Amino acid sequence: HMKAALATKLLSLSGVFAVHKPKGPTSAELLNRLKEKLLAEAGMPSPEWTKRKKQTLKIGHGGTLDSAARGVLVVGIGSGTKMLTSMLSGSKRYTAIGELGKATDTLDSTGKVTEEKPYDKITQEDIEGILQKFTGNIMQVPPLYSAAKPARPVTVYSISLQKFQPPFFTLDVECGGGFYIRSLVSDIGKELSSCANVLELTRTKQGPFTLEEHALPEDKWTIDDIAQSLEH
Ligand SMILES: [Br-]
Ligand SMILES: [Br-]
C-alpha cells in the first residue's frame, strides 16, 4: 500500500494553498481530514504511527473559519507553515446573508433567539443608505461568544447590497483580517431600528486566494493537485 515515490513527493511539498471548507466541519476537523487523506494516498502511517523520523508531514491553516461558515481556508504545508503568520495581514472578502427581525446570542442562525422586532418599514433604499456608515475605518464591537470583548478598530474596503428579499439581505463585503461579519449584520439591524443575525456566511477571498479561482475542492485534495497549485 505504501507508494514510496508518492511519499517522497508529499513530504517534498512546501508552500501555501487554499481549500474549500463546506458548512459543518470546524477548521481543525477539516485539517485533520485533509492530513489523514494525503497520508493514506501515499500509503504512509497515521501521525500517531510515524516513527518520529523526518518523514513527518507538517500542515496547518492560516486563519480560522467557523463551523457554520463556508469558503476559503488557507493551508500551509512543509516549511510553508512558517509563512502562515504573515497570511493574516491579507484582506478578506465575504458574502453574507442577514435576516432582519431576529437576533440570536451567537449573532447567527445557530444560536438561541434573544430578540424580535418588526422590519416591514425597512426598504431596500433604507439599507443602501446606511451602508456608508459601515464603510471605511469604523469602530466595531466583537461578538460576545468569540475567541465581553472591547471594541476594536477595523477596516471595510467596500460593502454592496446584492439582494433584498425581506427579511433577507445579501451583502458583499471586502474588509480587513480582523473584521467580524456577525457584528456588521447585527449592527445593521440595530441601525435600522430592528435587529438581525447571520443566516449564511461564505468567505470568498483571503489574501491572494479566491474561492472562484484558487480554492481546491475535496476531489482535488490529492498530492499531485496540491503540488500543481502550491505557492512556494
Ligand atoms: Br481590519
Ligand atoms: Br464573525
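Residues numbered from 1 in each chain as written, not as in the entry; some residues may be left out. Chains lettered and ligands numbered in written order. Heavy atoms only, no water. Residues with missing side-chain atoms left out of burial classes, pairs and counts.

Per the PDB record, this model was obtained through X-ray crystallography at a reported resolution of 2.20 Å.

J.: Before we move on, can you summarise the environment of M44 with the specific residues and values?
T.: Tracing the sequence through the fold places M44 in the loop between α2 (27–42) and β2 (59–61). Taking the C-alpha atoms as reference points, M44 and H1, separated by 43 residues in sequence, lie 8.3 Å from one another. When near neighbours in sequence (up to four residues on either side) are disregarded, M44 contacts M2, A7, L10, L11, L39 and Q55. (Helix = DSSP H or I, 4+ residues; strand = E, 2+ residues; numbered from the N terminus. Contact = heavy atoms within 4.5 Å.)

J.: An account of the pattern of salt bridges is requested, with residue identities and associated values reported.
T.: In the structure shown here, the tally under the stated rule is eight salt bridges. Note that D66 is salt-bridged to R182, the shortest N-O span being 2.7 Å. Exposure remark for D66: the relative accessible area of 28% places this residue in the partly exposed category. With a relative accessible area of 16%, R182 lands in the buried category. For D172, the salt bridge identified is with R93, shortest N-O distance 3.3 Å. Judged by relative accessible area, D172 falls into the buried class, the value being 16%. Three or more residues joined by partner-sharing salt bridges are found here, namely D66, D108 and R182. (Salt bridge = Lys/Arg side-chain N within 4 Å of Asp/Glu carboxyl O. Buried < 20%, exposed > 50% of the residue type's maximum accessible area, 1.4 Å probe, protein only.)

J.: Quick rundown of the environment of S79? Include the residues and the values.
T.: Topologically, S79 is positioned in the loop between β3 (70–77) and α3 (84–87). Sequence separation of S79 and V16 is 63 residues, and the distance between their C-alpha atoms is 9.2 Å. Within the structure, the side chain of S79 is placed 3.3 Å from the side chain of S14, a separation counted as a polar contact. (Polar contact = N/O pair within 3.5 Å; in protein donor to acceptor, adjacent residues only side chain to side chain.)

J.: Can you break down the UniProt feature "active site" in the protein residue by residue, with the values?
T.: Residues given the UniProt feature "active site" here are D66. Looking at the element boundaries, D66 is found in the loop between β2 and β3. Those residues in contact with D66, other than ones at most four positions away along the chain, are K21, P25, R182 and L201. (UniProt positions renumbered as here; feature names shortened; annotations may be inferred.)

J.: With reference to specific residues and values, describe the domain arrangement of the protein.
T.: As far as domains go, the protein holds domain 1 (4–89 + 212–229) and domain 2 (92–206). Spacing between the C-alpha centres of domain 1 and domain 2 amounts to 31 Å. Contacts between the two partners involve 16 residues from domain 1, matched on the other side by 10 residues from domain 2. Between the two partners, domain 1 and domain 2, sit two salt bridges. Across the salt bridge formed by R70 and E200, the nearest N and O atoms sit 3.2 Å from each other. Summed over the shared surface of domain 1 and domain 2, the result is eight residue pairs in polar contact. Counting residues per element, the side of domain 1 that touches domain 2 draws most heavily on β3, at five residues. Of the residues assigned to the side of domain 1 that touches domain 2, the class counts are eight nonpolar, four polar and four charged. (Domains from an automatic or database assignment. Nonpolar A, V, L, I, M, F, W, Y, C, P; charged D, E, K, R; others polar.)

J.: For the packing of helix α1 (residues 4–12) against α2, give the residues involved together with the corresponding values.
T.: Close contact between α1 and α2 brings their axes to 8 Å; oriented N to C, the two are set at 145 degrees. Only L38, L39, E41 and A42 of α2 make contact with α1, whose side of the interface consists of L6, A7 and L10. Residues of the contact of α1 with α2, tallied by class, amount to six nonpolar, no polar and one charged. (Axes fitted to C-alpha atoms, helices over the stretch in contact; angles between N-to-C directions.)

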